[PDB]
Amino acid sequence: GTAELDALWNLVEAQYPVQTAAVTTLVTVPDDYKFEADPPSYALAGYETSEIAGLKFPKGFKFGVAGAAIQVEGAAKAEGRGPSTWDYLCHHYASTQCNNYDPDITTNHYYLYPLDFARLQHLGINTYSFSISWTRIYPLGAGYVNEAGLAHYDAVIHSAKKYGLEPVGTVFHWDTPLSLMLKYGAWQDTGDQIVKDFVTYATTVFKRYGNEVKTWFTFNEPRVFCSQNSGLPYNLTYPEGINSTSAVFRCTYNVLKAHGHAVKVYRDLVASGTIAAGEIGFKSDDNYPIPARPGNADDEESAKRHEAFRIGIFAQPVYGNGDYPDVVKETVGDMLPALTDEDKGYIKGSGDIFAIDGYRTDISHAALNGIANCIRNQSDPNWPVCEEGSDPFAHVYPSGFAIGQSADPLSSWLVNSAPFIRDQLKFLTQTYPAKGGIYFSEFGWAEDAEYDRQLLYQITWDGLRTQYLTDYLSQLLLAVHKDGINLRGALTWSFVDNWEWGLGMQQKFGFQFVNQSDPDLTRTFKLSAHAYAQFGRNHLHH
């Protein structure tokens, strides 16, 4: 075995070791598997608006679910895997950064996936979005490849297709290799080793899986990911010249570069016949907020600044003019490395598809102390967007009423803003056009205080999640037929209650309940799973 790997896990486990699940064997699905009974017929009867009666998504529409490796897999040390920055974080600062959880086991999907896939087939799901753990493939981020890790996802993809699930792959979903962070600061790299290391990793998984995975995302929510680089454990290892503010924009640049170069490799692999042709982009998130006071020039300005910093900083280089938005360049200056002409040749046009994690739409109130004042004060709490960023503004009209229903208060960024979906899709497809169209690549609900229920029947009738998914799907269906949006699919986050980063298993996003007090981590369908299934039955082509 490799010695540097052992040293890294010794480091990670210095205060407490990785916990091992009760099941560490690939489960097999018996042909006599009995699914729990359906909910009462009145639970969803006549539940959809009449406005969508008889409307169908286009043929081939990806009607599916989304997960991510470190959030659902567990098996943190199984079969050669090296540690990620989150393994380190939670094993060292669990009580302050991870809500006293860690991703050691989560839902144990690493071993339970055939059972998960059989349950998804029962619901008529036709698409399975997953991410690949970089450190299962290159346990040190770079150097030797872990064949056991490559073979694992071979079996996952094969099992998915056997159960009717088209696999959609994300190369990087926030699980930075700890080794690369320690060696040179990972995404804060002031050189370009992080790009070389990411591209080598991406090349390996494209070669191994590109004949069976034909829809790829390089990065999941790169704007959200790079803002995490301002905290632990990344700010233990900043290179000289980097602080927690400039770390975010050095990360932005390195990710844009890594994305462009990986897309270049992917296209080379397709053009050489090495792998089947597919489509590649990255997953955007956030939104173009509505101004708090329509027609007010300040709210309108802060709304666009929000869009520029939360979407445009990655989407304009890839799908637009090939450079950062001007309002970004003017505010952050030289903390953001400039895109050279050579850089732009890789990045511009490197997205066949757009994908939006369209959870919600916000409201933009211009900074009460003036946008012009805010912009110039890097220490202003609303810098650099210079809208009022706190919850009592971001979700609230001047009237004092919210834009919509709030979800669990620990995920206060999340609200049901279904009436605004069609406007977001129109803005995104006109501003960041992609030949392959647009995916609604994540959307989901954290039902308020669902973690405090003690009785299963109280959990499984999850009315506000059911409403949210049905509302959103209905608006997506209307975006296709009324607005002509080239919508390629809808993927809900998520199919199981899983490990939600710093909140751990407390926050429940699944349309299935995962019983974390049971050695088998038994899954149970919630009502929302059946609402999702029924919407697929009523509105997909068969």
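Quick note: we count residues from 1 along the sequence shown, nothing fancier.
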Looking only at C-alpha temperature factors in the entry, 325-333 or 441-449, the higher average sits in 325-333
As the entry reports it, the stretch among 156-164 and 377-385 with higher mean C-alpha B factor is 377-385
Based on the PDB entry, the highest CA temperature factor among the options 169, 404, 320, 124 is that of 320
Listed options 491, 53, 514, 473: highest C-alpha B factor recorded at 53
Quick tally, chain-level thirds of C-alpha B-factors: residue 534 sits in the middle
Entry-reported C-alpha B-factor of residue 497 relative to its chain, by third, is lowest
Quick tally, chain-level thirds of C-alpha B-factors: residue 528 sits in the lowest
Chain-relative C-alpha B factor for residue 343 (record values, thirds): the highest
The third of the chain into which the C-alpha temperature factor of residue 120 falls is the lowest
